[PDB]
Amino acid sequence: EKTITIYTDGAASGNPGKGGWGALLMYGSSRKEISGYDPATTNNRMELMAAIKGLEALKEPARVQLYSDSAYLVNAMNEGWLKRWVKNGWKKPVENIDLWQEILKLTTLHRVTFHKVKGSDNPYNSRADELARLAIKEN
């Protein structure tokens, strides 16, 4: 029954290169931070992974407001593309089908609204970005 706000970010050095992701989960004054590293990845993959991991961190089904700088993510969800991809057999082939399948599952468990942020945008996405970069630096 909770509405949880999640701020997600991913970063990678190159295409492909070392990458990281971060998410900040917020419920009133409560906060939870998560992050991780991937040794060979793309910006798009880390953007999706941040959202996946953020949603996976929820302990119970929730209503979620998810803030991301990722147009890749947010457009797929808000322009109906993901739903059309599934309907058309993931095609030519959509990239990152493994991650989109996870996002399909998680957006059944949780009722998620996605919001695009512009970059910098607020301190919570900034923290998520810092956490993603932190993961790369630690590795």
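In case it trips you up, residue 1 is the first one in the sequence shown, and so on.
In the deposited entry, the stretch joining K91 to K92 is interrupted by 4 to 9 residues of the deposited sequence lacking coordinates. Missing coordinates between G119 and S120 amount to 1 to 3 residues of the deposited sequence. For the pair 60-68 and 81-89, the mean Cα B-factor is higher in 81-89. Ranked against the other modelled residues of its chain, the C-alpha B-factor of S30 as given in the entry falls in the highest third. For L24, the recorded CA temperature factor ranks within the middle third of the chain's modelled residues.
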